[PDB]
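Participant: here is the input, now give the coordinates:
(14 chains, ligands or ions: 3)
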Amino acid sequence: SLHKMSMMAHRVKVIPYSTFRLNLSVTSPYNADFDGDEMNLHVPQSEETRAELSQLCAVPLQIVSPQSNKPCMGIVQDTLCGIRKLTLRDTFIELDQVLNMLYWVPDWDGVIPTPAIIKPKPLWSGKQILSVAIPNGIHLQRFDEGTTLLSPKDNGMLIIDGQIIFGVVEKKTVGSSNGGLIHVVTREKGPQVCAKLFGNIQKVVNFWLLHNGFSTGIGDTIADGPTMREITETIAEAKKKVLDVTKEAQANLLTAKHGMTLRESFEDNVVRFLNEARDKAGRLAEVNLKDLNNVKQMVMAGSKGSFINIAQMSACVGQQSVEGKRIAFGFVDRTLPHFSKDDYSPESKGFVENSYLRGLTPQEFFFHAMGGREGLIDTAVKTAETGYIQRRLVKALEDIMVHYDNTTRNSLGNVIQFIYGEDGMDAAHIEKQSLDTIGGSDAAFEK
Amino acid sequence: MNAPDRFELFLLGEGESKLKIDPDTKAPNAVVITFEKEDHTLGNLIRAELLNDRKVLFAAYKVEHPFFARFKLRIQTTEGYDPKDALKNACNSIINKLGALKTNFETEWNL
Amino acid sequence: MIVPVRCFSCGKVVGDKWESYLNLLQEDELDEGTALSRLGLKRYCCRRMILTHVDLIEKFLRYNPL
Amino acid sequence: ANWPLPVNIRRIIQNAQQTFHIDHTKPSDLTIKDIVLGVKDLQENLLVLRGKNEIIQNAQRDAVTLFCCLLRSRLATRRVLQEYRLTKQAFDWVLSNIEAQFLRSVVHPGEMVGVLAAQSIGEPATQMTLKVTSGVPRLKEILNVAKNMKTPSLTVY
Amino acid sequence: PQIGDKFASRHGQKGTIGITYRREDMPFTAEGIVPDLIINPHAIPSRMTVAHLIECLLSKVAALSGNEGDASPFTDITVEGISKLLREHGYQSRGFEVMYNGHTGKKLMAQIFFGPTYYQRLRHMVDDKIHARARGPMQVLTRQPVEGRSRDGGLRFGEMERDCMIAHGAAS
Amino acid sequence: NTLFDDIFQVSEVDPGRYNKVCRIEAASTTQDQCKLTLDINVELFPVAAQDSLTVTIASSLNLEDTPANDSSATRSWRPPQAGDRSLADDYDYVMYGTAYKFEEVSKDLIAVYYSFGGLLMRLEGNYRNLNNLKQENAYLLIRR
Amino acid sequence: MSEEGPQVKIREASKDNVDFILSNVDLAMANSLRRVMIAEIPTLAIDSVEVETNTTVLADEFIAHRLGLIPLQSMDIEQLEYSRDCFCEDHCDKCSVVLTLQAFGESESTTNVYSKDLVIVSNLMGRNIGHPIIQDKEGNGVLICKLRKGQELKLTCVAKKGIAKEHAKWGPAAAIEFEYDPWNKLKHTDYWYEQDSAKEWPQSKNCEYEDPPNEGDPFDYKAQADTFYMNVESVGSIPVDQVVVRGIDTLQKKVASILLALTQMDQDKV
Amino acid sequence: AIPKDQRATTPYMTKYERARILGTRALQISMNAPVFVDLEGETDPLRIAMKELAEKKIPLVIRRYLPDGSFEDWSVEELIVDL
Amino acid sequence: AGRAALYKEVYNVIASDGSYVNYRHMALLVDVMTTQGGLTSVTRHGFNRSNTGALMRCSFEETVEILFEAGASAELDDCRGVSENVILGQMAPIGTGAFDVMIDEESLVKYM
Amino acid sequence: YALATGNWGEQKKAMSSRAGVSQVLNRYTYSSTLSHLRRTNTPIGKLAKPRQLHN
Amino acid sequence: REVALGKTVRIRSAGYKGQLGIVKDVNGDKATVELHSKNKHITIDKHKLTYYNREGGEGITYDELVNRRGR
Amino acid sequence: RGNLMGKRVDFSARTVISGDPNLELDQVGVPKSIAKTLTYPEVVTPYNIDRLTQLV
Amino acid sequence: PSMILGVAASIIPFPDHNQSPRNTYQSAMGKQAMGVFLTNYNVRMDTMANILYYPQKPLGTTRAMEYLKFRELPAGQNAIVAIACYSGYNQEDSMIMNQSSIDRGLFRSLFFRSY
Amino acid sequence: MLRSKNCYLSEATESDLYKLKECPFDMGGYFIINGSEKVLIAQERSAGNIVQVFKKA
Ligand SMILES: [Mg+2]
Ligand SMILES: [Zn+2]
Ligand SMILES: [Zn+2]
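Facilitator: Residues are numbered from 1 along each chain as shown, chains lettered A, B, ... in the order given. Ligands and ions are numbered 1, 2, ... in the order given. Here you go:
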C-alpha cells in the first residue's frame, strides 16, 4: 500500500463465480493486473464505520490525486484504442448498430440524434455517439501543434455543450492528463457524474470494438525492402564513422575533451554515434509504417507501446550496456573467446545490429542476457531500498496535522508551517494556469 | 466452489416468467421486455424483424452480463400501434419464413 | 495418455483413427501430412489432435498389474 | 507563466458565456465603475484565515497575492469589454462562482498532510528508474544527510 | 479449468481466465474453426515477444503440412520462408484470417491473427487460494487470529494499511 | 428556409490520410469573395476536380408545410417513410451540422465554421450581408 | 419453390457433409440457424456411469469422460422424454437407455476396448436409439481403453437426452462453415496489406459463384447481405439433412413458445 | 475554556465533520431513537441521516478544539454545508 | 538558504525521471527536516531523538533502549499522538477524531 | 541428519553450519527435476557484482 | 433419531435426478446431501430423495421412519 | 510492530482478482461463497423487521 | 552455439527473437508447468502429484530438447490461439477460453494427495 | 545415491526396471532417506592455492 489510492471503498455486487471482479479503470491506482494478483477485502462491522468509508474512501471521491495534481484514473487498455478508432473522421455507423449503441448507454434520454448524412444513406459519425455518452454542459478546448478552427490533421480537441466538434480522442483527452475530460467533468459536475461517464464510455467503446474487431500479427513488424536497405546503409555509415574515429585515436591524433581522458572521450563519441544511428533507423522504420499498422495504431492511441519498442522490433536493437558503459573485457583484453585481443569494434563490444524479427547472433544474445540480468538485479535492490526509505519517511511524518487555526503542527504542538502550503489550499483543488501579466512585451502589455 | 449449474441458462426456475414487460417513461409508446434463459440467438432475429417493420421507430436489445442468460428488448412504435402487436407480427413473420425455408430445404434434398 | 475421443476445437470424432493412422504410417510408407489427408482430416484443428499426440498408455501397461 | 493555481477563471468565464448566450455584437451593459467595484469586492471577499487582529489580517492579505494577481490579469477592463463580453448578470454570476470555488478549495482542518506528503514522495521513489549521482542513491544520501557525498559539485557564475 | 486458473505460454506470457464462452459465442473463420484461447494484442508491443508470433506461424505451417517444425536458435529458418510455405498452403502470407462475429454473424472489419500455440497450465489455481474468515480460531499467547489458510486464519492489517487509513482520515 | 445558394466550382481536391473523406476547396462562380472548404464522403457522393456543385444552407428541411418557423428541436429523428416530401428530394447530398465559430476575416469578409459531425466546413462571405442569416444549426444541401 | 421467402440450392450431398446456398434471407436468420444447429439440437449421450470393477491403468473419471464423449444414435430422440420431465425415480425405459460394457484381458498382447463392445440391456420398444455410431472401415469404433492380461473392466452406463448448451458432449454437429460476400462488394471488412490487397489475399472457393466486381463503379450503398454459403458436418449421431431440419424446427419451436407466453400473459393481464 | 461567540474557525462543515455527524446519526436512527423528519418511505438509517441533514434538522453540536486546549461550540444548523 | 538548497536538491531528484510532485509536500518535508537550527536526518539519530512521546519514538526503532531510558528518567506521555492511541486502542485525534460531538437540549425541544 | 536437515555438520553447531545444502527433489514435471539435478548455489551470507553475468 | 444420517441416497427429480450421494447433515426438513462426481453440497428435502443400501440394492422412499431400519 | 502497530483482523477475504467491463467504477464482484462466509451485524429495529425475519 | 543454454532454456522456441527478461521468466516458470512427471506414478505415494489428462507434444520442436525427453513426457497442450479484442474481457493479462473445448477435455488434469 | 556402482539399477535393463516398478526415464543422482528424495546442491567456492592481489579502499 504505497499511497492512499491503494485501498479504497467499493460497493458489493454478488457474482456467481469465485473471483474478485473490478472495473478496468480502477486497476491503475491499484497498480494491479490479472496475471495472478490477489487483493484483500475488509467488511465494516458498524454503522459509523460504514458511513465513514462511504463518505471518505469512496471510489468516485479519489478520482483526482493530490500527489501529482492529476486524475489517477482514466481510459486504458483496449478501450483507448477503441475510442481512438471510433472517433476517426472516416468512421461511420448505420442505424441498426446506432440503435444498439444508444440503448447500451444506461442514462440515454431516448432521443435519437439526427444523422450527419441523411440524403444518400442515414449515417451517424462515431463522434456523435461519443458526445451522446458525454453529459451536457461540459466545454473543453485544447489546441495542439498546427491546430486551427479548421484543422485538417484532426488534432486537438474542441467540445461545446458536451458535443465533439473535431479532433481524435486519445490519451491526452480521456487519460490521466492535466486538463483532460475527466478532470473537467470532476471539477464541474459531481464525482458520481464522472463515474457514470466512465461507465458509459467504457460500455459504448467496448460494444463498438467487439462489433468491429482489432488484432495484431507478425506482419505488423515487417518493413519493405527499400526501408531495410536504408537502415542497413545507415548502420554501415555509422560503423564506418566509428572505424574512422578508432583509426584517428590509434594514431594519437584525437583531442581529449577537457576533464576527460583519451579513452572516456572516445567511448562517449562511439556510444553517441551508435545511439544516433539506432534512433535514425527507428525513426525511418516508424515513418515507413502505414496508418493501418496495428502496432502503429496502438502507439498512436497511447494504450501500449512506444517508438523505442517499434525501433527494436523492426529496425535495430540498441547497444547493450552495463551500468552505462559498454561490455567490459572479461578475458585478457577480450570480451569473448571468439574475438581477438585489443578489439574495439562496436560488434565485439556489445552493439546489436539485427532486430528481434531478424534474430540475434550468439554474441549479441549473450550481451542481451547480461543487460537483462543487470535490469533484474537493479529492480531487486531498488525495491528493497525504496521500501525502507518509504517506511522511514512515513514513520518520520505520521504526526503532522492541520489544525482549525490553519496552522500545521506536530503531536508536540510545535509549529512547522504557519499555513499549509504557504497558501492554505487543498492539493486536489489546484489547476495549472498561465499568468498573462508577467509574459509579453511592454508594448503588447500596454495595448 | 462457485460454479453455476449448467442447466440454469436454458431452464426456467421458480417464481420467474419467460417474458416481463415494463412501461418506459423516457419516451412515449415505449416498453421494455425482459427475456429469461435466452440470449443472442432469438434476440437478434427479433430486433431485425422489428427493424423491418415500418411502424416501429426504435428496436434494440442488449445483454447486461454474460454470466446470466437474459437480455432486455426495447421497442418504440408509432402512435396508435401497440408494441405487443409489432412483436406478434414479427414472430408470425419469422414462423412463416422458417416454415418456408424448411419446406424448400426438404424439397431440394428430396432430389 | 490415450487418444482423445473428439477434437477439442470443433468436435470431430478422432478417437477411431489412431490405429488407421499408425497402420498407414508403418507400412503404407508416406509422410504424416498425406496420411492425415487420407484419413479425412482437412482442418489443422483436427490434424493436431493426432499429429502431436503421445501414447503413454503403453508405458503404463508395461508395469505388471494386479 | 504556467503555474498551478486554485481556481480556473477561464473555465468559469467560458461556462458563463456558453450558458448566457452572448451575442458578441450588441453593446455591453457593464460600466467601468461597476466592474472595478465588483473586482475589489471579490478580492476583499476571499477569506482563508478569518481573523480580526492585525497579524492574522496581514497573513490573510499576503497569502492570496498570487490569486489576486491572476484575478486582476483575467478581469481587466479592456479584456472584459473586448474579448470576454458579459452583461451585468453574467458578471455577477462569474464573481459568485469564483468566490464559491475559492471558498470550496480551501484545505480542511484535520487532514494528515504529513502522511500524504510522505506517500507522495515515496511513490515516485518506488517508480524511479535506473557524472552526477541521481536516483535512489541520491535520495537516500539526501534523506540520511551524508557528510561525504560521492559526487560533490559547485557552480560559479 | 475454470475462471481464475493461471495459464502461461512458452514465452513468459502468463495470464488467468477472465471469462469463458461457448462455441456459438466465440468468433469463427470461414471454415468454421473457433479458437480455444483469445489473447489481447496489447501485450505484444510492450514485451516485444516476436518469438511468440513466429512460433505460432511455424506451428500453423507444421500442422498444415504435417511435418515437425524446427525452432532451434541460431538456425537458418527465417520468417520469409515460413510465409512462403503458408502462402503455398493457400491461407495467408502473414497468417491473418477473416473472422465473423459469433453474436450477429457479421464479418469483422479487422482480420484476426490465427494459429496453434503451445500453452502450459501452471500450479496456481483460484480454488487453492480463496480464503474468508469471520471469528475463527483464537491464539494462546497474543489472542490474535491464527496464521495460514489451512488453519482458518485471518488477513494481516499491516503498517502500510494503517498509515493509508490514517491518510484517509477514517479514525473510527 | 433557404439561407444560401451558389455554384461553387471546386478545385484541388485533397485525398488526405483517410479513405472515405476528402477535403475540397471551391470558389463561387458569381461573387468574387465567397470561398468554401468542405469535407465530404466520396464513397457516397464522389466528387472530381473542376466540378460545379450547387450548395444550399437551410434552417429546416421541411417544405412549404412549415415556412422554417423554428421548432423541430430534439425530435428523436425517425426513419423516412413513403411520402413526407422535404427539401432533400431536389438535392443529392444533405448534411446536418452545428455552427461553432464566427470569426471576422476583415472589415467586410466574415467566416462561418460548421461541423457536420466529424466533417468541418469553412464558408467565407463578404460585406457581412450575404452570410447574415446564419445563427445556429442548419442543413447543408448539395446538388450535382 | 414453396414460398417467396428463403431459398436453397444444394451443391453437394453426402452422409456426413452437406453444401448448400441460402438465398433471399437475412444475416440474422442465417446466424440464428447456425447457432441453433451448433448448440440446440437434442441428442442421446451417456450421462451417468457406474463403475463396478476397474483394474486398468486409467482413472474412473477418465473412462467416464471418454464414455460420455462417445457418440450414440439419436434418430428417434423425439420419442424419449427428458429425465427431469419424467415421473420415474432415477431412470426408466421411456426416458433413458442403459448400456453395459464388460471387458477382460486373456491374450498375452494388449486387448483394446472399442465402442462396439457396448451392449444395450434396456428395452428400446422399437425406437432407433442407443446404438453406438460406427463409421470406421474395420467396424471397431472409438477406442475406449487398452487392457493387458489379468485386468478387467466391468461397468454400466445410462444414456439421457440433452442439448449441447448443457454440455459439449451432446453436440450433433462438428463444424459449420459460414461465409457470404466472397468479394468485398459490401465493404464489410478492411483488408490488411503491405503492397497489394488482391495479390496478398487468396481468393475464396466461392468467388466463382458470384460476378467479379467491376472496376470504376460507385459503391452500392443500397445492397445488403442476402446470399450465404453454408457447409454442415455431422458427427454421425444424426444425418446432416435431419440436423438442418431439426435446427429449423427448434428455432420455430422457440419462436412459437415466445408467442404462446406472450398470448398467455396478455390473457392473464386482461 | 470556550471562545464566547468571537469564534474564528470556518462557518462551513468539513468533510470529516460531515462524515462523523452522518455516522453518528445513522447509528442513532439504526437503534431505536426518535427521528425529526418525515421518513417518506426511506428505511436505511444513513439515508435518513442525509435527509435530516438536508434542511439542518440534526440536534448535534460540534466542539472544535484549539491546539492550546480551548474549544468553541458550533451548532449543526449554523454550519454551512457546501460540499 | 540551506532549506532552500535542500528543497532544490529534492526537486531535482524527483523531477529527474519526469514525474511531477506538488510543491506543498516537498515544502512540508524540508520544513520538518529543518525545523530546528540544523538538518534533522530521517534516521535513528535524527527525528527519533526529540522530545516526542516515548511510545511513538520506541515504535520506530530501538524499542527497549527508549523504554529503558524513559523508565530511568521521568517521562510523561501526554498521549495525543497517533501511535500512542493505536497502541492503546483508542480513537486517534486525527481526521474525524479532531472534534467531539455533543447533543444540545434547546435543539431537541425546538425540533420536536 | 546431515542429509535430511541440510545442515552440513553434527547436530550441535548447526547454526554455524551451512544451510540448504540438501533439498527435497522437486518432482512436478520432468524439466523441473532435470533442472533441479543440475543446480549450483553461491553462499553469500547488498552486492550486485557477484550476481552479474560475467563474460 | 433421524434415519437419514450416513446412508447413501439417490436424488430424485429436479436438476440432479439419478445422482448418487451420501447425506451428512440433516436439520429440520432440508437435508444436506453431498455429491460423488461433483465436489459440492446441495440441500434438498429428505422426502423427495429416495434411500438406498450402502452396499447396494433396491431403493425405497422415506418410509424408513415406519421401518425404523435401513435397506 | 508485529502485534500492536499491525495485527490480524477478522471479516476479511482474499482471492484472485479479475476484470469485468460490465461492472461500474465503484463496484466489486464478491463471490457467493465469500459473501455467505462474511457477515454484518444489523440491529433489529422497525423499517427492516420484516426483511430481517425473512433473512432469518 | 545452441548448447550454451540450460535445460529449462532449451524448451523455449526461437529464444533469439525474444527479450532476455522474457526468456528468464519463461525458464523460471517452466518448472511449474503441469504434465506427466514420471511414468512410475500410480505406484508411488507422493504428497502432491499432478498429471495432465491428454499431454501433447509441441508443434514447434527444437533439436536441443530431443535429448531431454520432452517429446516423450510433454508438459502442455497445443491450443488454437486468436489474438483479438473480443468483448473486452481479456484486457491486461486475462484470457478467454472456450467452454466447449474445456468440456471436451482441454487442460483438465488429476490431483493426487497422500496422507 | 541412485544409479551408482552400488545401486541395483546400474546394470538393470528396461525390462528389469519395469519389473522393479521403476521408471526407465528416471535419471537418478539423488538420495532416498526416510522415504524422501534428497538432492545435494553444488556449492560454489573460490579456488585455493591461487595467488591473488587486490586494491583496498
Ligand atoms: Mg501481476
Ligand atoms: Zn477439429
Ligand atoms: Zn423415466
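Participant: from here on, contacts and neighbour counts on C-alpha atoms
Facilitator: Will do.
Participant: ok, and the closest non-adjacent residue to residue J:29?
Facilitator: Leaving aside its chain neighbours, residue J:29 sits nearest to residue M:37 (4.0 Å; criterion: Cα to Cα, 6 or more residues apart in numbering or on different chains).
Participant: element containing the one you found?
Facilitator: Here residue M:37, judged by DSSP states H and E, is contained in no helix and no strand.
Participant: could you count how many residues lie near it?
Facilitator: 24 (other Cα atoms under 10 Å in any protein chain shown).
Participant: do the same with residue C:64
Facilitator: The number of residues packed near residue C:64 is 13, by other Cα under 10 Å.
Participant: excluding its backbone neighbours, what's nearest it?
Facilitator: residue N:19 (6.8 Å).
Participant: does that neighbour really touch residue C:63, like I thought?
Facilitator: Yes - the criterion here is Cα atoms under 8 Å, and residue N:19 meets it with residue C:63 at 6.5 Å.
Participant: neighbour count for these two, which is higher?
Facilitator: Comparing residue N:19 with residue C:63 by other Cα under 10 Å, the one with more neighbours is residue C:63, at 20 against 14.
Participant: distance check, that one against chain N.
Facilitator: 6 Å (Cα to the nearest Cα, to the nearest Å).
Participant: got the contact list for that residue?
Facilitator: Contact analysis of residue C:63 by Cα atoms under 8 Å, 6 or more residues apart in numbering or on different chains lists N:18, N:19, N:21.
Participant: and it, how far from ligand 1?
Facilitator: Applying Cα to the ion, to the nearest Å, one obtains 44 Å for the distance of residue C:63 from ligand 1.
Participant: contact residues of chain I facing chain H?
Facilitator: I:95-96, I:98-104, I:107-108, I:111-112 (Cα under 8 Å from any Cα of the partner chain).
Participant: show me what contacts the residue nearest to residue E:135 when sequence neighbours are not counted?
Facilitator: With sequence-adjacent residues excluded and distances taken as Cα to Cα, 6+ apart, residue E:135 is closest to residue L:10, at 6.0 Å. Residues in contact with residue L:10, defined by Cα under 8 Å, 6+ apart, are E:133, E:134, E:135, E:136, E:145, E:154, E:155.
Participant: thinking again about what came up before, from residue F:55, how far out is the residue nearest to residue C:64?
Facilitator: Going from residue N:19 to residue F:55 by Cα to Cα, to the nearest Å gives 95 Å.
Participant: can you check residue N:49 too?
Facilitator: 98 Å.
Participant: same thing with residue F:20?
Facilitator: 20 Å.
Participant: now residue G:43
Facilitator: The value you get for residue G:43 to residue F:55, if Cα to Cα is used, is 65 Å.
Participant: more crowded one of those two?
Facilitator: Ranked by neighbour count (other Cα under 10 Å), residue G:43 and residue F:55 place residue G:43 first, with 26 against 19.
Participant: residues in contact with the more buried one?
Facilitator: Here residue G:43 is in contact with G:74, G:77, G:161, G:162, G:163, G:170, G:171, G:172, G:237 (criterion: Cα under 8 Å, 6+ apart).
Participant: now it: phi and psi?
Facilitator: When read as degrees, to the nearest 10, the backbone of residue G:43 gives phi -150, psi 160.
Participant: hey, what's it bridged with?
Facilitator: Here residue G:43 shows beta-bridge partners residue G:162, assigned using DSSP bridges.
Participant: that one and chain I, how far apart?
Facilitator: For residue G:43, the distance to chain I - Cα to the nearest Cα - is 63 Å.
Participant: now residue A:365
Facilitator: Distance of residue A:365 to chain I, computed by Cα to the nearest Cα: 29 Å.
Participant: equivalent analysis for residue A:98, please.
Facilitator: From residue A:98 over to chain I (counting by Cα to the nearest Cα), the distance is 41 Å.
Participant: name only those of the residues of chain I next to chain H that count as buried.
Facilitator: Buried members of the residues of chain I next to chain H, counted by 16 or more other Cα atoms under 10 Å in any protein chain shown: I:95, I:96, I:98, I:99, I:100, I:101, I:107.
Participant: and the residues you listed, which two are furthest apart?
Facilitator: Greatest spatial distance among these (Cα to Cα): I:95 and I:107, at 26.2 Å.
Participant: now, the contacts of residue L:10 that are in strands?
Facilitator: residue E:133 (DSSP state E).
Participant: can you flag the buried ones in the contacts of residue L:10?
Facilitator: With burial judged by 16+ other Cα under 10 Å, the buried subset of the contacts of residue L:10 is E:133, E:134, E:145, E:154, E:155.
Participant: on the three-state scheme, residue B:85 is what?
Facilitator: helix (DSSP: H, G, I helix; E, B strand; the rest coil).
Participant: what's the single longest strand in chain F?
Facilitator: When chain F is parsed with DSSP E, its longest strand is strand F:93-101.
Participant: how far does stretch D:7-16 sit from the chain's center?
Facilitator: Using Cα atoms, centre = their mean, to the nearest Å, the mean C-alpha position of stretch D:7-16 is found 13 Å from that of the whole chain.
Participant: most neighbours among the contacts of residue G:43, which one is it?
Facilitator: The contacts of residue G:43, ranked by neighbours (other Cα under 10 Å): first place residue G:172, 31 neighbours.
Participant: can you pull the phi and psi angles for residue A:13?
Facilitator: Dihedral angles for residue A:13 - degrees, to the nearest 10 - are phi -130, psi 110.
Participant: what residue lies at the spatial centre of chain M?
Facilitator: residue M:76 (3.4 Å; Cα atoms, centre = their mean).
Participant: which one is it nearest to, not counting chain neighbours?
Facilitator: residue E:120 (4.3 Å).
Participant: just grab the bridge partners of the one you found for me.
Facilitator: residue E:8.
Participant: before we move on, back to that, ok, so of the contacts of residue G:43, who is nearest residue A:258?
Facilitator: The closest of the contacts of residue G:43, once distances to residue A:258 are taken by Cα to Cα, is residue G:171, at 80.6 Å.
Participant: contact partners for the closest one?
Facilitator: So residue G:171 contacts C:11, G:38, G:39, G:41, G:43, G:163, G:164 (Cα under 8 Å, 6+ apart).
Participant: just the residues you listed: which are in helices?
Facilitator: G:38, G:39 (DSSP state H).
Participant: make CSV from the contacts of residue G:171 and add distance to residue A:313 to it.
Facilitator: Putting the contacts of residue G:171 into CSV (distance: Cα to Cα, whole Å) gives the following:
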residue, distance to residue A:313
C:11, 38
G:38, 41
G:39, 43
G:41, 49
G:43, 51
G:163, 48
G:164, 44
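Participant: out of the contacts of residue G:171, which is nearest to chain D?
Facilitator: Closest to chain D out of those is residue C:11 (48.9 Å), distances taken as Cα to the nearest Cα.
Participant: state the distance from that closest one to residue A:253.
Facilitator: Applying Cα to Cα to residue C:11 and residue A:253 gives a distance of 76 Å.
Participant: with residue F:37 instead?
Facilitator: 62 Å.
Participant: what does residue J:30 give?
Facilitator: From residue J:30 to residue A:253 the distance is 61 Å (Cα to Cα).
Participant: the two: which has the busier surroundings?
Facilitator: Neighbours were counted for residue J:30 and for residue A:253 using other Cα under 10 Å; residue J:30 has more, 25 against 10.
Participant: residues contacting the closest residue to that one other than its chain neighbours?
Facilitator: Counting by Cα to Cα, 6+ apart, residue J:30 lies nearest to residue M:37, which is 4.7 Å off, once chain neighbours are set aside. If a contact means Cα under 8 Å, 6+ apart, then residue M:37 has J:27, J:28, J:29, J:30, M:51, M:73 as its contacts.
Participant: how near is the last one to residue N:24?
Facilitator: To residue N:24, residue M:73 is 12 Å away according to Cα to Cα.
Participant: neighbour count for those two, which is higher?
Facilitator: Counted by other Cα under 10 Å, residue M:73 and residue N:24 do not tie: residue M:73 has more neighbours, with 23 against 18.
Participant: does the more buried one really touch residue J:32, like I thought?
Facilitator: No - look at residue M:73 against residue J:32 with Cα under 8 Å: they stay out of range, at 12.0 Å.
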